[PDB]
>>> print(open('protein-v8.cif').read())   # mmCIF, C-alpha atoms and all ligand atoms
data_input
loop_
_atom_site.label_atom_id
_atom_site.label_comp_id
_atom_site.auth_asym_id
_atom_site.auth_seq_id
_atom_site.Cartn_x
_atom_site.Cartn_y
_atom_site.Cartn_z
CA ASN D 8 -9.53 -31.68 40.42
CA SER D 9 -6.97 -28.86 40.43
CA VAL D 10 -4.94 -26.65 38.10
CA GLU D 11 -2.49 -25.33 40.67
CA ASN D 12 0.49 -25.79 38.35
CA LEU D 13 -0.91 -23.15 35.99
CA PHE D 14 -0.07 -20.60 38.66
CA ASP D 15 3.55 -21.66 39.02
CA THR D 16 6.05 -18.90 38.41
CA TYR D 17 7.90 -19.68 35.19
CA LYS D 18 11.38 -18.37 34.49
CA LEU D 19 11.65 -18.04 30.73
CA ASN D 20 15.24 -16.95 31.08
CA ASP D 21 17.51 -14.52 32.92
CA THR D 22 15.65 -11.54 31.47
CA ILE D 23 12.02 -12.54 31.95
CA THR D 24 10.06 -14.40 34.59
CA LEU D 25 6.32 -14.99 34.18
CA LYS D 26 4.01 -14.84 37.18
CA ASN D 27 2.04 -17.82 35.87
CA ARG D 28 1.98 -20.30 32.98
CA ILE D 29 -1.01 -18.76 31.21
CA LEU D 30 -0.52 -16.85 27.96
CA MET D 31 -3.12 -14.89 26.07
CA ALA D 32 -2.81 -16.30 22.56
CA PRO D 33 -2.41 -13.84 19.66
CA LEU D 34 -5.88 -12.91 18.41
CA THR D 35 -6.48 -10.71 15.38
CA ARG D 36 -9.37 -8.35 16.12
CA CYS D 37 -9.29 -5.88 13.18
CA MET D 38 -10.10 -2.93 15.47
CA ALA D 39 -7.13 -0.62 14.91
CA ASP D 40 -7.82 2.80 13.41
CA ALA D 41 -7.58 3.37 9.65
CA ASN D 42 -3.92 4.37 10.02
CA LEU D 43 -3.38 0.99 11.72
CA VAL D 44 -2.62 2.70 15.03
CA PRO D 45 -3.75 0.93 18.20
CA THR D 46 -6.80 2.64 19.72
CA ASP D 47 -7.50 3.55 23.33
CA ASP D 48 -10.14 0.80 23.24
CA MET D 49 -7.37 -1.66 22.39
CA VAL D 50 -5.38 -0.27 25.33
CA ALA D 51 -8.24 -1.10 27.70
CA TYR D 52 -8.76 -4.52 26.07
CA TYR D 53 -5.20 -5.63 26.67
CA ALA D 54 -4.93 -3.92 30.05
CA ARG D 55 -7.79 -5.94 31.48
CA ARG D 56 -6.02 -9.19 30.58
CA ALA D 57 -2.79 -8.32 32.41
CA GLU D 58 -3.29 -11.16 34.90
CA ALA D 59 -2.00 -13.41 32.12
CA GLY D 60 1.59 -14.44 32.74
CA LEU D 61 2.25 -13.12 29.24
CA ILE D 62 0.09 -11.53 26.58
CA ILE D 63 0.90 -12.19 22.96
CA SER D 64 -0.56 -9.33 20.98
CA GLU D 65 -2.68 -9.74 17.89
CA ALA D 66 -0.65 -10.16 14.72
CA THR D 67 0.95 -6.79 13.96
CA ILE D 68 2.18 -5.94 10.46
CA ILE D 69 5.77 -4.93 9.77
CA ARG D 70 5.09 -2.83 6.66
CA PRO D 71 2.23 -1.96 4.32
CA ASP D 72 2.42 -4.90 1.88
CA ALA D 73 2.02 -7.24 4.85
CA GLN D 74 -1.64 -6.27 5.22
CA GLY D 75 -4.28 -8.89 4.44
CA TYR D 76 -7.21 -7.95 6.70
CA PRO D 77 -8.87 -4.64 7.60
CA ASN D 78 -7.59 -2.48 10.45
CA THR D 79 -4.86 -4.80 11.65
CA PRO D 80 -2.33 -2.72 13.60
CA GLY D 81 1.15 -2.00 12.36
CA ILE D 82 4.41 -1.11 14.04
CA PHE D 83 6.28 0.68 11.24
CA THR D 84 5.23 4.31 11.81
CA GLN D 85 5.95 6.63 14.71
CA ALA D 86 2.22 7.00 15.33
CA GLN D 87 1.83 3.22 15.56
CA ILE D 88 4.77 3.02 17.97
CA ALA D 89 3.16 5.71 20.14
CA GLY D 90 -0.16 3.87 20.12
CA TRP D 91 1.45 0.60 21.13
CA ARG D 92 3.38 2.38 23.90
CA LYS D 93 0.03 3.29 25.47
CA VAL D 94 -0.93 -0.39 25.33
CA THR D 95 2.29 -1.70 26.84
CA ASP D 96 2.44 1.03 29.51
CA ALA D 97 -1.11 0.09 30.58
CA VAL D 98 -0.35 -3.63 30.66
CA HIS D 99 2.79 -2.97 32.69
CA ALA D 100 0.96 -0.63 35.08
CA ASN D 101 -1.38 -3.55 35.76
CA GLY D 102 1.53 -5.89 36.53
CA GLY D 103 1.43 -7.71 33.21
CA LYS D 104 3.85 -8.48 30.41
CA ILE D 105 3.34 -8.39 26.67
CA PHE D 106 5.07 -9.51 23.48
CA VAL D 107 4.07 -8.15 20.08
CA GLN D 108 3.48 -10.73 17.35
CA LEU D 109 5.28 -9.57 14.19
CA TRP D 110 3.43 -10.36 10.96
CA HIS D 111 3.83 -10.48 7.26
CA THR D 112 0.99 -12.25 5.45
CA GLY D 113 2.88 -13.01 2.25
CA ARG D 114 0.54 -14.46 -0.41
CA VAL D 115 -2.42 -13.88 1.96
CA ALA D 116 -1.99 -10.11 1.71
CA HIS D 117 -4.34 -8.11 -0.47
CA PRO D 118 -3.48 -5.07 -2.63
CA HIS D 119 -6.74 -3.31 -1.71
CA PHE D 120 -4.98 -2.51 1.59
CA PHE D 121 -1.77 -1.02 0.17
CA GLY D 122 -2.59 0.88 -3.01
CA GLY D 123 -2.50 -1.95 -5.53
CA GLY D 124 1.10 -3.00 -4.91
CA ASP D 125 2.53 -6.49 -5.42
CA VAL D 126 1.59 -9.32 -3.11
CA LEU D 127 4.83 -11.11 -2.16
CA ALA D 128 5.54 -14.77 -1.50
CA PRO D 129 8.22 -17.44 -1.99
CA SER D 130 6.53 -18.54 -5.22
CA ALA D 131 3.80 -17.42 -7.61
CA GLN D 132 1.22 -19.74 -6.07
CA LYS D 133 -2.16 -18.13 -5.40
CA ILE D 134 -4.44 -19.25 -2.58
CA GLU D 135 -8.13 -19.94 -3.16
CA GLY D 136 -10.87 -17.48 -2.38
CA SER D 137 -11.19 -13.97 -1.01
CA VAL D 138 -10.51 -11.94 2.15
CA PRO D 139 -12.98 -12.92 4.90
CA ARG D 140 -15.75 -10.48 5.81
CA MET D 141 -14.84 -8.28 2.83
CA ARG D 142 -16.61 -7.58 -0.43
CA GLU D 143 -14.98 -9.13 -3.49
CA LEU D 144 -11.32 -8.97 -2.45
CA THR D 145 -10.20 -12.04 -4.35
CA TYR D 146 -6.72 -13.30 -3.56
CA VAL D 147 -4.16 -12.66 -6.28
CA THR D 148 -1.19 -14.49 -7.71
CA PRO D 149 1.82 -13.31 -5.73
CA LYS D 150 5.13 -12.21 -7.16
CA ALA D 151 7.89 -14.65 -6.28
CA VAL D 152 10.24 -12.57 -4.14
CA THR D 153 13.72 -11.93 -5.44
CA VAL D 154 16.70 -12.31 -3.13
CA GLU D 155 16.73 -8.51 -2.91
CA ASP D 156 13.08 -8.53 -1.81
CA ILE D 157 14.05 -11.10 0.80
CA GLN D 158 16.92 -8.95 2.09
CA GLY D 159 14.49 -6.03 2.44
CA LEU D 160 11.95 -8.20 4.27
CA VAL D 161 14.57 -9.35 6.77
CA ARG D 162 15.63 -5.72 7.19
CA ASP D 163 12.02 -4.70 7.82
CA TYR D 164 11.41 -7.47 10.37
CA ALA D 165 14.55 -6.19 12.11
CA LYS D 166 13.42 -2.57 11.97
CA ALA D 167 10.03 -3.55 13.35
CA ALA D 168 11.84 -5.28 16.24
CA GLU D 169 13.81 -2.07 16.91
CA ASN D 170 10.50 -0.20 16.97
CA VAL D 171 9.17 -2.75 19.45
CA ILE D 172 11.74 -1.50 21.97
CA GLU D 173 10.48 2.07 21.60
CA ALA D 174 6.90 0.78 21.89
CA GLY D 175 7.79 -0.71 25.28
CA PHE D 176 7.04 -4.38 24.64
CA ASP D 177 8.85 -7.04 26.66
CA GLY D 178 9.65 -8.95 23.48
CA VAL D 179 8.57 -10.27 20.09
CA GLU D 180 6.80 -13.43 18.99
CA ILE D 181 7.73 -13.91 15.33
CA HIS D 182 4.69 -15.08 13.38
CA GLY D 183 6.14 -18.14 11.67
CA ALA D 184 2.87 -20.04 11.50
CA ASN D 185 -0.54 -20.51 9.91
CA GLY D 186 0.31 -20.06 6.24
CA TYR D 187 1.71 -16.56 6.53
CA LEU D 188 5.00 -15.33 5.02
CA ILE D 189 7.56 -17.26 7.07
CA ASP D 190 5.43 -20.40 7.10
CA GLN D 191 5.10 -20.09 3.29
CA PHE D 192 8.86 -20.68 2.95
CA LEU D 193 8.64 -23.74 5.24
CA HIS D 194 6.02 -25.62 3.17
CA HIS D 195 6.20 -27.17 -0.30
CA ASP D 196 2.73 -26.03 -1.40
CA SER D 197 3.82 -22.40 -1.20
CA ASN D 198 7.58 -22.71 -1.71
CA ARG D 199 8.50 -24.09 -5.11
CA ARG D 200 11.72 -22.10 -5.35
CA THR D 201 14.84 -23.51 -6.97
CA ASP D 202 17.34 -21.10 -5.41
CA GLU D 203 18.98 -21.05 -1.96
CA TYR D 204 15.57 -20.48 -0.32
CA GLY D 205 13.90 -23.57 -1.77
CA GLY D 206 14.16 -27.30 -2.32
CA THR D 207 15.99 -28.63 0.71
CA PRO D 208 15.14 -28.42 4.42
CA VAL D 209 18.19 -26.17 4.96
CA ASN D 210 17.13 -23.86 2.15
CA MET D 211 13.44 -23.75 3.07
CA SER D 212 14.41 -22.95 6.68
CA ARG D 213 16.81 -20.19 5.64
CA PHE D 214 14.30 -17.30 5.61
CA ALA D 215 12.88 -18.22 9.03
CA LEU D 216 16.36 -18.42 10.52
CA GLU D 217 17.51 -15.16 8.93
CA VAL D 218 14.52 -13.37 10.44
CA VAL D 219 15.04 -14.99 13.85
CA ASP D 220 18.73 -14.06 13.83
CA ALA D 221 18.10 -10.51 12.60
CA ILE D 222 15.57 -9.94 15.37
CA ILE D 223 17.79 -11.50 18.03
CA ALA D 224 20.50 -9.05 16.93
CA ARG D 225 18.08 -6.22 17.79
CA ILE D 226 16.36 -7.30 21.01
CA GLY D 227 18.21 -10.40 22.20
CA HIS D 228 17.35 -14.08 22.34
CA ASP D 229 15.63 -13.75 25.74
CA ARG D 230 13.05 -11.44 24.18
CA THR D 231 12.46 -13.47 21.01
CA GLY D 232 9.90 -16.22 20.55
CA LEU D 233 8.61 -17.94 17.44
CA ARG D 234 5.22 -19.37 16.53
CA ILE D 235 5.26 -22.34 14.16
CA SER D 236 2.85 -24.68 12.40
CA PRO D 237 4.56 -27.95 11.34
CA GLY D 238 1.18 -29.00 9.99
CA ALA D 239 -0.83 -27.31 7.25
CA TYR D 240 -4.54 -26.58 6.67
CA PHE D 241 -4.63 -22.82 7.19
CA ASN D 242 -4.30 -21.38 3.67
CA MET D 243 -1.82 -24.19 3.08
CA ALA D 244 -2.17 -27.47 1.22
CA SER D 245 -0.46 -30.39 2.96
CA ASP D 246 2.66 -32.08 1.63
CA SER D 247 4.18 -35.29 3.00
CA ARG D 248 7.64 -33.72 2.62
CA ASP D 249 7.02 -30.77 4.95
CA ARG D 250 7.83 -32.68 8.13
CA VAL D 251 11.53 -33.08 7.27
CA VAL D 252 11.79 -29.29 6.97
CA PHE D 253 10.73 -29.00 10.60
CA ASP D 254 12.98 -31.92 11.54
CA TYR D 255 15.84 -29.65 10.42
CA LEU D 256 14.43 -26.34 11.63
CA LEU D 257 13.72 -27.31 15.23
CA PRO D 258 17.27 -28.24 16.29
CA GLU D 259 18.55 -25.10 14.52
CA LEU D 260 16.09 -23.05 16.55
CA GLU D 261 17.27 -24.69 19.75
CA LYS D 262 20.75 -23.26 19.07
CA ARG D 263 19.27 -19.75 19.36
CA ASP D 264 18.05 -20.37 22.92
CA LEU D 265 14.76 -18.56 22.30
CA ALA D 266 12.35 -17.36 24.94
CA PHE D 267 9.91 -19.94 23.61
CA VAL D 268 8.61 -21.80 20.63
CA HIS D 269 4.82 -21.65 20.39
CA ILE D 270 2.62 -23.97 18.36
CA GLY D 271 -0.08 -22.38 16.22
CA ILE D 272 -3.03 -24.76 15.89
CA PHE D 273 -6.74 -24.68 16.74
CA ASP D 274 -7.20 -28.12 18.28
CA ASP D 275 -4.11 -29.88 19.59
CA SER D 276 -6.16 -33.05 20.19
CA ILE D 277 -5.90 -33.74 16.46
CA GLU D 278 -3.30 -36.31 15.44
CA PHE D 279 -1.52 -35.68 12.12
CA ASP D 280 -0.17 -38.62 10.12
CA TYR D 281 2.74 -36.63 8.73
CA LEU D 282 3.78 -35.66 12.27
CA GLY D 283 3.25 -39.09 13.84
CA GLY D 284 0.69 -37.63 16.24
CA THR D 285 -0.28 -34.28 17.72
CA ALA D 286 1.56 -31.09 16.79
CA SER D 287 2.70 -30.47 20.36
CA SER D 288 4.03 -34.01 20.81
CA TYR D 289 5.90 -33.75 17.50
CA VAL D 290 7.56 -30.50 18.55
CA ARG D 291 8.27 -31.78 22.07
CA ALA D 292 10.01 -34.80 20.50
CA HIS D 293 12.26 -32.59 18.35
CA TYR D 294 12.81 -29.54 20.56
CA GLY D 295 14.03 -29.50 24.15
CA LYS D 296 13.43 -25.92 25.30
CA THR D 297 10.41 -23.96 26.54
CA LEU D 298 7.31 -24.84 24.54
CA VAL D 299 3.93 -23.11 24.51
CA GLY D 300 1.00 -25.41 23.77
CA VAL D 301 -2.36 -24.21 22.44
CA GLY D 302 -5.56 -25.31 20.81
CA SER D 303 -8.86 -26.19 22.45
CA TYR D 304 -7.33 -26.72 25.89
CA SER D 305 -9.32 -26.13 29.02
CA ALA D 306 -7.47 -25.08 32.17
CA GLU D 307 -7.92 -28.66 33.33
CA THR D 308 -6.53 -30.41 30.23
CA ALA D 309 -3.69 -27.88 29.91
CA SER D 310 -2.72 -28.40 33.55
CA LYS D 311 -2.64 -32.17 32.97
CA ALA D 312 -0.56 -31.75 29.82
CA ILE D 313 1.97 -29.57 31.63
CA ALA D 314 2.07 -32.03 34.54
CA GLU D 315 2.82 -34.73 31.97
CA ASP D 316 5.72 -32.75 30.47
CA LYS D 317 3.97 -32.32 27.09
CA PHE D 318 4.76 -28.59 27.09
CA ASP D 319 5.59 -25.82 29.55
CA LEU D 320 3.18 -22.93 29.04
CA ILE D 321 -0.42 -22.76 27.87
CA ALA D 322 -1.76 -20.16 25.48
CA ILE D 323 -5.50 -19.55 25.68
CA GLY D 324 -7.29 -17.89 22.78
CA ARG D 325 -11.03 -18.01 22.34
CA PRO D 326 -11.79 -18.34 26.06
CA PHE D 327 -9.82 -15.11 26.65
CA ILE D 328 -12.18 -13.32 24.26
CA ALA D 329 -15.26 -14.75 25.98
CA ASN D 330 -13.78 -14.18 29.45
CA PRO D 331 -11.59 -11.11 29.95
CA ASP D 332 -11.31 -12.28 33.55
CA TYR D 333 -10.23 -15.77 32.47
CA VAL D 334 -7.29 -15.97 34.86
CA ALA D 335 -9.22 -14.93 37.96
CA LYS D 336 -12.10 -17.23 37.07
CA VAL D 337 -9.74 -20.21 36.68
CA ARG D 338 -8.01 -19.27 39.95
CA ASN D 339 -11.36 -19.29 41.73
CA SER D 340 -12.80 -22.33 39.92
CA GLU D 341 -15.63 -20.18 38.55
CA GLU D 342 -17.80 -20.82 35.50
CA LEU D 343 -16.40 -19.78 32.11
CA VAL D 344 -18.51 -18.51 29.22
CA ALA D 345 -18.13 -20.43 25.96
CA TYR D 346 -16.73 -18.55 23.00
CA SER D 347 -18.79 -17.78 19.92
CA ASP D 348 -17.76 -15.99 16.73
CA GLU D 349 -20.47 -13.39 17.41
CA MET D 350 -18.20 -12.10 20.18
CA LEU D 351 -15.70 -10.79 17.62
CA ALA D 352 -18.01 -7.84 16.90
CA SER D 353 -17.24 -6.44 20.37
CA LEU D 354 -13.84 -5.40 21.73
CA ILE D 355 -14.11 -6.17 25.42
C1 LIG D 401 -10.48 -14.66 16.05
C2 LIG D 401 -9.12 -15.32 16.07
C3 LIG D 401 -8.00 -14.58 15.74
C4 LIG D 401 -6.75 -15.18 15.74
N1 LIG D 401 -5.65 -14.42 15.42
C5 LIG D 401 -4.39 -14.95 15.49
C6 LIG D 401 -3.28 -14.16 15.25
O1 LIG D 401 -3.36 -12.94 15.05
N2 LIG D 401 -2.05 -14.76 15.25
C7 LIG D 401 -1.90 -16.11 15.50
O2 LIG D 401 -0.78 -16.61 15.47
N3 LIG D 401 -3.00 -16.88 15.80
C8 LIG D 401 -4.24 -16.31 15.76
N4 LIG D 401 -5.34 -17.08 16.09
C9 LIG D 401 -5.13 -18.48 16.59
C10 LIG D 401 -5.09 -18.43 18.13
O3 LIG D 401 -3.91 -17.77 18.58
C11 LIG D 401 -5.10 -19.83 18.75
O4 LIG D 401 -4.00 -20.58 18.25
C12 LIG D 401 -6.39 -20.57 18.44
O5 LIG D 401 -7.50 -19.74 18.68
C13 LIG D 401 -6.52 -21.85 19.27
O6 LIG D 401 -6.48 -21.60 20.66
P1 LIG D 401 -7.85 -21.64 21.52
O7 LIG D 401 -8.52 -22.98 21.29
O8 LIG D 401 -7.51 -21.44 22.97
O9 LIG D 401 -8.73 -20.54 20.99
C14 LIG D 401 -6.61 -16.53 16.04
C15 LIG D 401 -7.73 -17.26 16.42
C16 LIG D 401 -8.99 -16.65 16.41
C17 LIG D 401 -10.20 -17.45 16.76
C1 LIG D 402 -6.42 -12.93 10.40
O1 LIG D 402 -7.23 -13.54 11.33
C2 LIG D 402 -8.46 -14.00 10.95
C3 LIG D 402 -7.58 -13.37 11.67
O2 LIG D 402 -7.47 -14.68 12.08
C4 LIG D 402 -6.22 -15.26 12.20
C5 LIG D 402 -5.07 -14.52 12.00
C6 LIG D 402 -3.82 -15.12 12.13
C7 LIG D 402 -3.71 -16.47 12.47
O3 LIG D 402 -2.47 -17.09 12.60
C8 LIG D 402 -4.87 -17.20 12.67
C9 LIG D 402 -6.12 -16.60 12.53
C10 LIG D 402 -9.54 -13.93 11.83
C11 LIG D 402 -10.78 -14.41 11.44
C12 LIG D 402 -10.95 -14.96 10.17
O4 LIG D 402 -12.18 -15.43 9.79
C13 LIG D 402 -9.87 -15.04 9.30
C14 LIG D 402 -8.63 -14.56 9.69
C1 LIG D 403 -11.49 -10.59 13.49
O1 LIG D 403 -12.26 -9.91 12.57
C2 LIG D 403 -11.95 -9.97 11.23
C3 LIG D 403 -11.05 -10.93 10.77
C4 LIG D 403 -10.73 -10.99 9.43
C5 LIG D 403 -11.31 -10.10 8.53
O2 LIG D 403 -10.99 -10.16 7.19
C6 LIG D 403 -12.21 -9.14 8.99
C7 LIG D 403 -12.52 -9.08 10.34
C1 LIG D 404 9.14 -0.35 6.25
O1 LIG D 404 8.07 0.18 5.57
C2 LIG D 404 7.56 1.39 5.96
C3 LIG D 404 8.10 2.05 7.06
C4 LIG D 404 7.59 3.28 7.45
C5 LIG D 404 6.54 3.85 6.74
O2 LIG D 404 6.03 5.07 7.13
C6 LIG D 404 6.01 3.20 5.64
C7 LIG D 404 6.52 1.97 5.26
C1 LIG D 405 11.76 -5.75 23.18
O1 LIG D 405 13.13 -5.57 23.25
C2 LIG D 405 13.68 -4.89 24.31
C3 LIG D 405 12.86 -4.35 25.30
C4 LIG D 405 13.43 -3.68 26.38
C5 LIG D 405 14.81 -3.55 26.45
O2 LIG D 405 15.39 -2.88 27.49
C6 LIG D 405 15.62 -4.09 25.46
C7 LIG D 405 15.05 -4.77 24.39
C1 LIG D 406 -13.79 -19.07 15.94
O1 LIG D 406 -13.26 -18.12 15.09
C2 LIG D 406 -12.60 -18.59 13.99
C3 LIG D 406 -12.03 -19.85 14.03
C4 LIG D 406 -11.36 -20.32 12.91
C5 LIG D 406 -11.25 -19.55 11.78
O2 LIG D 406 -10.58 -20.03 10.68
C6 LIG D 406 -11.83 -18.28 11.74
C7 LIG D 406 -12.50 -17.80 12.85
#
>>> encode(input="protein-v8.cif", output="structure tokens", more="lines below")
Ligand SMILES: Cc1cc2nc3c(=O)[nH]c(=O)nc-3n(C[C@H](O)[C@H](O)[C@H](O)COP(=O)(O)O)c2cc1C
Ligand SMILES: [C]O[C@]1([C]OC2=[C][C]=C([O])[C]=[C]2)=[C][C]=C([O])[C]=[C]1
Ligand SMILES: COc1ccc(O)cc1
Ligand SMILES: COc1ccc(O)cc1
Ligand SMILES: COc1ccc(O)cc1
Ligand SMILES: COc1ccc(O)cc1
Amino acid sequence: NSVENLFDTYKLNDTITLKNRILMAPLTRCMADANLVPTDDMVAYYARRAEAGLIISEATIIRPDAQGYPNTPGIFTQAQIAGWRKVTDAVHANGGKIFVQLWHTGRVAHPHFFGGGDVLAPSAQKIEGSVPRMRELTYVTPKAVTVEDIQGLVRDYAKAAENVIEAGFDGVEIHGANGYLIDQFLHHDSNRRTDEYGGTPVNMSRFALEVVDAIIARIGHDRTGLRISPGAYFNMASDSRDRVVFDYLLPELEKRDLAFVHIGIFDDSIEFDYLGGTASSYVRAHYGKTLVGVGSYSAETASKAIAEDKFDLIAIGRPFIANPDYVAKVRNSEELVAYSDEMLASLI
């Protein structure tokens, strides 16, 4: 067998060409310093994965009330910008490329992290449970954002994108997936609004598109990607009506000629009734531009999928934690170590 196609050069667009089809998926590590500034250990961590065609950074918060987990880096202070610049300089020095993933957690934020302020979301719909690996941080009922809150959020996504330029990233992946703020507007469980941001596919898509457009206005379409989750099941109850939101959203996104759309799922072998099959096949059926697949792929199954025109680029997550040298090992058909959650305790 052979995975030669994973090492094809891939021209994303006129601004960026990737040296291979392999992305490092965004992976939250919770290892930033207490001021949410990237550490020199994080610099080394990313630098040693620069053989990836493109690194997507761990989710990076746009402002304080976006924080939902400990020590997740931000990109809203000068110190954070300076810390990220060390990361991107090191990646670039190693011949790599890197996008930051811009995050707001919405109803999954927790006030413990930002001085007891309001948790924000499309609607006052609380999720079950408490923050993982933390003592007694029970999720709270969010405040339904006002249109003025929304305008500020769009502004702050845009400002974060401006900061990304100063931090030396090649671009931004907007975190529109996995039950976080943008995804909360796209799903009925979390979005029960009756104004121009709720109800209809056009309205539910409005926030996502405003953020995409605001960020494009800062860094350009060639440097802007978006991660999406048409499905549910990560802090999100399913709803049979969610699919038509994405039916509308995807062609609208295609108008923006993004660097890529990226699916956010853990196992793309799962078929979802509401999507008529796998997440990637649903998106591929409704979106005709560069698509990043992900979720329990091996190099072999990803190569096959790309050969079969199922998607164009492969993001690799857990195996990139277990194998910093993932790309070289795949290139040389060497044995890969299996991932285990225990590995998260170490930043290597
Ligand atoms: C520890 C861990 C952290 C993750 N953090 C992020 C994240 O910050 N942003 C995101 O969009 N996805 C995140 N994911 C999802 C991964 O990007 C990826 O979609 C998932 O791990 C499936 O790919 P894989 O089977 O190759 O690991 C995380 C996954 C894991 C296991
Ligand atoms: C946050 O993270 C966590 C982190 O993770 C994630 C993120 C984001 C996304 O999208 C996905 C995932 C980790 C771990 C745990 O447990 C939880 C959460
Ligand atoms: C990746 O490590 C962590 C993830 C989530 C969290 O709440 C604490 C640690
Ligand atoms: C946009 O929100 C913030 C920006 C900068 C800062 O120091 C604190 C918050
Ligand atoms: C990340 O956005 C940008 C990065 C570099 C640049 O020259 C212009 C925009
Ligand atoms: C394997 O690591 C994880 C996978 C899934 C998840 O929800 C949390 C951690």
>>> closest_residue(input="protein-v8.cif", among="D:46, D:185, D:16, D:153", to="residue 29 of chain D", atoms="only C-alpha atoms")
D:16
>>> residues_near_ligand(input="protein-v8.cif", ligand="ligand LIG 405 (chain D)", cutoff="6 Å", atoms="all atoms listed in the file", output="PyMOL selection string")
chain D and resi 171-172+176-178+226+230
>>> residues_near_ligand(input="protein-v8.cif", ligand="ligand LIG 401 (chain D)", cutoff="6 Å", atoms="only C-alpha atoms and all ligand atoms", output="list in words")
residues 32, 33, 34, 35, 65, 66, 271, 272, 273, 301, 302, 303, 323, 324 and 325 of chain D
>>> atom_distance(input="protein-v8.cif", atom1="atom CA of residue 77 of chain D", atom2="atom CA of residue 353 of chain D")
15.4 Å
>>> residues_around(input="protein-v8.cif", residues="residue 350 of chain D", least_positions_apart="3", cutoff="8 Å", atoms="only C-alpha atoms", output="PyMOL selection string")
chain D and resi 328-329+346-347+353
>>> atom_distance(input="protein-v8.cif", atom1="atom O1 of ligand LIG 404 (chain D)", atom2="atom CA of residue 39 of chain D")
17.9 Å
>>> closest_residue(input="protein-v8.cif", among="D:61, D:320, D:86, D:23", to="residue 43 of chain D", atoms="all atoms listed in the file")
D:86
>>> decode(input="protein-v8.cif", residues="segment 183-194 of chain D", atoms="N, CA, C and O atoms", output="PDB file, in the first residue's frame")
ATOM      1  N   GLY D 183     -15.807  27.486  14.369  1.00  0.00           N
ATOM      2  CA  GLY D 183     -17.247  27.500  14.192  1.00  0.00           C
ATOM      3  C   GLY D 183     -17.912  26.182  14.543  1.00  0.00           C
ATOM      4  O   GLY D 183     -19.043  25.919  14.135  1.00  0.00           O
ATOM      5  N   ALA D 184     -17.244  25.376  15.355  1.00  0.00           N
ATOM      6  CA  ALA D 184     -17.608  23.977  15.513  1.00  0.00           C
ATOM      7  C   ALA D 184     -17.793  23.590  16.983  1.00  0.00           C
ATOM      8  O   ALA D 184     -17.606  24.400  17.892  1.00  0.00           O
ATOM      9  N   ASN D 185     -18.199  22.338  17.181  1.00  0.00           N
ATOM     10  CA  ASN D 185     -18.106  21.643  18.459  1.00  0.00           C
ATOM     11  C   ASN D 185     -18.792  22.330  19.629  1.00  0.00           C
ATOM     12  O   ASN D 185     -18.324  22.266  20.755  1.00  0.00           O
ATOM     13  N   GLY D 186     -19.923  22.970  19.359  1.00  0.00           N
ATOM     14  CA  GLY D 186     -20.764  23.501  20.412  1.00  0.00           C
ATOM     15  C   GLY D 186     -20.266  24.783  21.033  1.00  0.00           C
ATOM     16  O   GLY D 186     -20.788  25.211  22.050  1.00  0.00           O
ATOM     17  N   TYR D 187     -19.273  25.417  20.420  1.00  0.00           N
ATOM     18  CA  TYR D 187     -18.794  26.690  20.938  1.00  0.00           C
ATOM     19  C   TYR D 187     -19.582  27.866  20.340  1.00  0.00           C
ATOM     20  O   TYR D 187     -20.626  27.642  19.735  1.00  0.00           O
ATOM     21  N   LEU D 188     -19.148  29.108  20.550  1.00  0.00           N
ATOM     22  CA  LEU D 188     -20.079  30.236  20.355  1.00  0.00           C
ATOM     23  C   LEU D 188     -20.742  30.262  18.978  1.00  0.00           C
ATOM     24  O   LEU D 188     -21.962  30.378  18.877  1.00  0.00           O
ATOM     25  N   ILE D 189     -19.945  30.190  17.917  1.00  0.00           N
ATOM     26  CA  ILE D 189     -20.490  30.302  16.572  1.00  0.00           C
ATOM     27  C   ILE D 189     -21.421  29.128  16.289  1.00  0.00           C
ATOM     28  O   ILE D 189     -22.527  29.310  15.778  1.00  0.00           O
ATOM     29  N   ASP D 190     -20.974  27.928  16.636  1.00  0.00           N
ATOM     30  CA  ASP D 190     -21.796  26.734  16.473  1.00  0.00           C
ATOM     31  C   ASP D 190     -23.106  26.834  17.267  1.00  0.00           C
ATOM     32  O   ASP D 190     -24.134  26.321  16.828  1.00  0.00           O
ATOM     33  N   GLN D 191     -23.096  27.520  18.413  1.00  0.00           N
ATOM     34  CA  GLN D 191     -24.309  27.693  19.214  1.00  0.00           C
ATOM     35  C   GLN D 191     -25.396  28.458  18.450  1.00  0.00           C
ATOM     36  O   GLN D 191     -26.582  28.191  18.631  1.00  0.00           O
ATOM     37  N   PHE D 192     -25.006  29.408  17.610  1.00  0.00           N
ATOM     38  CA  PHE D 192     -25.991  30.106  16.773  1.00  0.00           C
ATOM     39  C   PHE D 192     -26.550  29.205  15.667  1.00  0.00           C
ATOM     40  O   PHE D 192     -27.671  29.409  15.212  1.00  0.00           O
ATOM     41  N   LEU D 193     -25.764  28.226  15.227  1.00  0.00           N
ATOM     42  CA  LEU D 193     -26.135  27.379  14.092  1.00  0.00           C
ATOM     43  C   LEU D 193     -27.042  26.205  14.451  1.00  0.00           C
ATOM     44  O   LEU D 193     -27.504  25.505  13.562  1.00  0.00           O
ATOM     45  N   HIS D 194     -27.266  25.972  15.740  1.00  0.00           N
ATOM     46  CA  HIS D 194     -28.068  24.826  16.192  1.00  0.00           C
ATOM     47  C   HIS D 194     -29.272  25.247  17.025  1.00  0.00           C
ATOM     48  O   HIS D 194     -29.198  26.173  17.819  1.00  0.00           O
TER      49      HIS D 194
END
